[PDB]
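Only one chain comes next, encoded as structure tokens, the form deposited in one PDB entry.
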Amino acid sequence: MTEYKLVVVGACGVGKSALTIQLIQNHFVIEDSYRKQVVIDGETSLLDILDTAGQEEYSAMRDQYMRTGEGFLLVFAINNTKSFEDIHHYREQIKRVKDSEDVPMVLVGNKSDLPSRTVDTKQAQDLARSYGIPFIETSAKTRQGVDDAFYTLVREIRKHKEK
């Protein structure tokens, strides 16, 4: 089977852990990684997901863990404008460690189940279009779009590996 190293990044409290746990265990709730065997478009895939946590620091060991990622989920929360404005920073750090302008990534607007949204869908769609990447709205609470976010990311890695 093909293994894919995925990293989930984004601002404090956006739901990076809740998204990973919902994917792995189908439940709603320190840095660790989680493995899950899945079938995507008929191909059995082993997803190895790093749920980013800890302090902001740029040691060689921190860069080496992040560089291990083949694709990244850039997560913001639809009710947190600051988390959306922080997406640029996370994308910047991914391109730096991967040393490439072309890295598989998916923009994820999480907490779509909450009312009182502050980031409009159109604004996130236009940003993703500028980056040349997919945008998916998710809810780790109701599971809406969770599988679609990780599977779309695997499809982006496949597109990158084929080219």
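Shifts are known only where both forms have a C-alpha. Numbers follow the displayed sequence, beginning with 1. If you superpose the two forms and keep the largest set of C-alpha atoms that fall within 1.5 Å, you have the rigid core.
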Open item on the list: Gap size between residue 53 and residue 54, counting deposited residues with no coordinates: none, 1 to 3, 4 to 9, or 10 or more?
Closed with: none
TODO: Could you check which stretch, 30-38 or 65-73, carries the larger mean CA temperature factor in the entry?
DONE: 30-38
Open item on the list: Regarding 108-116 and 124-132, which shows the higher C-alpha temperature factor on average in the entry?
Closed with: 108-116
Task: Identity of residue with top Cα B-factor, from 12, 9, 24, 154 - done: 24
- [ ] Would you please rank residue 97 by its C-alpha temperature factor against the other modelled residues of its chain and give the third it falls in: lowest, middle or highest?
- [x] lowest
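Although not depicted, the form deposited in another entry is the subject of the following passage.
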Task: Displaced residue between the shown form and the other one, judged on C-alpha after the rigid core is fitted, out of 98, 36, 117, 62 (threshold 2 Å or more) - done: 62
Task: Large Cα move at residue 46 between the shown form and the other one, threshold 2 Å, rigid core - done: no
TODO: Mind checking the CA-CA distance of residue 11 and residue 54 in the other entry? It differs by 3 Å or more from this form, so is it closer or farther?
DONE: closer
Open item on the list: Taking the cut-off of 3 Å or more as given, in which direction does the distance between the C-alpha atoms of residue 100 and residue 58 change in the other entry, closer or farther?
Closed with: farther
Open item on the list: Taking only residues present in both forms and a 2 angstroms threshold on CA movement, what segments of three or more in a row shift between the shown form and the other one once the core is aligned?
Closed with: 53-65
